[PDB]
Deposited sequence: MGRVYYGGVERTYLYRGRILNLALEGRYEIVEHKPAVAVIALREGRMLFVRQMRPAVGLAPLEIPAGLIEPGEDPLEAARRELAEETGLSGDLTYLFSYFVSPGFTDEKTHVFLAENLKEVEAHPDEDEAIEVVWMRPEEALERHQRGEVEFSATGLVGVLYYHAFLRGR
């Protein structure tokens, strides 16, 4: 593997014919409260718009997924809660190694750029189907996870 670039949140390498983008692993937090899911929106230069996401971010040096999940929830929404690991996924294994660890947050307490968007998952879904809002993988995963296991 050879490198063509080494930057802030990514390196661009070449492994023979394959173009590989190394990226720091990330976390995402699914939080539901009174039927509303905790989404967040921010300007994303990479896409020219603000998709609907859930609290998420890069794992800093020294921390593990869980600790990163806690930090992101606090920094982006000013909240904290009981976190449970759910699952993980590679965002696009065809070109990048970014891996995202997803957590569930419960019993949210308030302890303390990014827009906090509390919204019913059914509503995020309907708005998206109408072409009103775009989803990031984290936002869609949150919506689907809810519909599957949190309607109880």
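*Can you list the gaps, in order, where the deposited sequence has no modelled residues?*
Absent from the structure are positions 1-10, 123-129, 170.
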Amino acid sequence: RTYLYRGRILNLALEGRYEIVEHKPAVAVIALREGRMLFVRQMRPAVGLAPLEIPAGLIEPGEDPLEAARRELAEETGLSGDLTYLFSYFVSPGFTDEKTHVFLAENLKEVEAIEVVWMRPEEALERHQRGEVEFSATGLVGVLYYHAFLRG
From here on, numbers count along this sequence of modelled residues.
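*Within the set of other compared PDB entries, does residue 38 lack a model in a third or more?*
Looking at the other entries that model residues on either side of it, residue 38 is present in every one.
*Among the other entries of this protein that model both neighbours of residue 113, is it absent from at least a third?*
Residue 113: unmodelled in a third or more of the comparison entries.
*Return whichever of 19-27 and 138-146 has the greater mean Cα B factor according to the PDB record.*
Mean B over CA atoms: larger for 19-27.
*Greater mean Cα temperature factor according to the PDB record, 41-49 or 100-108*: If you average the C-alpha B-factors of 100-108 and of 41-49, the larger mean comes out for 41-49.
*Could you look up the Cα B-factor of residue 121 in the entry and say which third of the chain it sits in: lowest, middle or highest?*
Its C-alpha B-factor, which the entry lists for residue 121, ranks in the middle third among residues of this chain.
*asked:* What third of the chain does residue 55 rank in for C-alpha temperature factor, lowest, middle or highest?
replied: It falls in the bottom third of the chain.
*So where's residue 114 on the chain's Cα temperature factor ranking, which third?*
Highest third.
*Lowest, middle or highest third: where is residue 64 by C-alpha B factor in its chain?*
It belongs to the middle third of the chain when residues are ordered by C-alpha B-factor.
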